[PDB]
């Protein structure tokens, strides 16, 4: 009736939410008035046409969505036959189920199937329970429900389909992300760069070693404490002109500091952050084929010594070159391998 034609348009204008659950609570509550039912709910038909699911009952959003086979009772037949039914028609099991969900005595019921105008299939079963007034839902109630979804259904089907597809998509992209990571980490420069400076660390007898690749006015610790950081989360970045690291990144010349603390250029920040203390620092640059500093590296703290020797200083030179020569043979072999293929 135009009485309900106006009430609907208002419901429609009020179905602006992007979440299917919220769009249901509003439609459900509309019906609980126009039918005088205590609790309403939509039993959504799955894709495989094998189950019924429910997420919202009345104004209560079930913490977990409930689902059960269409086999499991008389309701599944409504999906096939497209004819409403009532309490008197439900199997004992149906009542038991709907009651486990509703959490109360099931005194009255009307179940109108919702038919897609697009596919003409039963998309869901709209249910009215326990009428406060009568004990049987009218014939007028079957029409108001039916009426509502003629205008209301599509937006609910879309908002729900949208969220299903989105959740599916993410789950998939995520799994793809796992895989991508597992393979794009192979040609990571920080992997050989790491084992190289780990060699230097041994030969020079330092406690730790770290490599800092320059990132446009911000040195990034790709290798730190001997291991490949492996995450920009607990990263380690710094201004490309500060400290000894930055001073080498700027002069491109090896620096051997016997006492970090007592040096004008030493940056204590990293230490009082990590809670580690830097005694000596033997920092060498890592240049590209353009002979330009692309990153810097350092051997930290001499073991069984007051500082890094002249010999150690030589390793720094040799490893500075070997470092660049290795990034090279790697750039060339990366191509003369992916091209061959």
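Residue numbers count along the first chain shown, from 1.
Visitor: Given the B-factors recorded for C-alpha atoms, which segment has the greater mean, 214-222 or 260-268?
Guide: Looking at the record's C-alpha B-factors, the answer is 214-222.
Visitor: On mean C-alpha B-factor from the PDB entry, just flag whether 232-240 or 78-86 is the higher one.
Guide: Comparing 232-240 with 78-86, the higher average CA B-factor belongs to 232-240.
Visitor: Looking at 171, 94, 139, 165, which has the highest CA B-factor as recorded?
Guide: 139 has the highest C-alpha B-factor of those listed.
Visitor: Which of these, 250, 157, 99, 202, has its C-alpha atom at the highest B-factor, as the entry lists it?
Guide: Largest recorded C-alpha B-factor: 250.
Visitor: If you rank every modelled residue in this chain by C-alpha B factor, which third holds residue 190: lowest, middle or highest?
Guide: CA B-factor rank for residue 190: highest third.
Visitor: Which third of the chain holds residue 38 when residues are ordered by C-alpha B factor: lowest, middle or highest?
Guide: Its C-alpha B-factor belongs to the middle third of this chain's values.
Visitor: Please place residue 320 in the lowest, middle or highest third of its chain by C-alpha B factor as given in the entry.
Guide: According to the entry, residue 320 has a C-alpha B-factor in the chain's middle third.
Visitor: Against its chain's modelled residues, does residue 53's Cα B factor rank lowest, middle or highest third?
Guide: Lowest third - that is where residue 53 ends up once the chain's C-alpha B-factors are sorted.
Visitor: Just say lowest, middle or highest third for the CA B-factor of residue 327 relative to the other modelled residues in its chain.
Guide: Highest third of the chain for residue 327's C-alpha B-factor.
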